[PDB]
């Protein structure tokens, strides 16, 4: 073989209707999602997750729903597809609006490393954006030693002037040695596997040698998305996804 990124999973959203149930499941609930978020993430609701016109729209809606004043979708490949290492691309246009918090990210299939699921086993934030600070995209990792609870999370950012007007390929290349974040293949952050350079480094610093699945949502408000409040006029807000593509590196 020639060394190259091999496509192993993708959704080009070339169909019509609900997110393909073979590739996508939903996170459902309005319990705050650990962030005091205001939305109810709905299941297979076309208002919140619809495919058409060559794209997926994850849509945040201001509406009275199951005790919540907003609905949204948190689309996951959990239980459908997960990967250990790879190049992960999500071509998306980000939603606008103070109170919006679109995320493209990953969580571990399993609690391999004790004694909690999170952050012990990690979280790879491929692209995070908050409406009250438009155009700035964050790539971030959370691990037992590096997480937002300890204030020790590791990530970078990059201003994407046309994030909310145009599509941008948000990508990580996650390998045994490091995670690299790209916007349109602008490398704006990388997270080295400290286990390979530091004998005292373990899963607490690099848990990313286990299968992660992809998540895509728009949170409404909560700790980060809504510390400037939630602009109700910012709705409906759309996270529009041209495609999700996952590659594995083959040598």
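Numbering follows the first chain given and starts at 1.
On average the C-alpha atoms of 148-156 have higher B-factors than those of the other stretch, with 148-156 and 84-92 being the two compared. Stretch comparison (18-26 versus 227-235) by mean CA B-factor in the PDB entry places 227-235 on top. Placement of the Cα temperature factor of residue 248 within the chain: middle third of the modelled residues, per the deposited record. Residue-level temperature factors show residue 115 in the highest third of its chain, judged at the C-alpha atom.
Among the modelled residues of its chain, residue 98 has a C-alpha B-factor that falls in the highest third, as given in the PDB entry. For residue 212, the recorded CA B-factor ranks within the lowest third of the chain. Only modelled residues enter the ranking. Residue-level temperature factors show residue 38 in the middle third of its chain, judged at the C-alpha atom.
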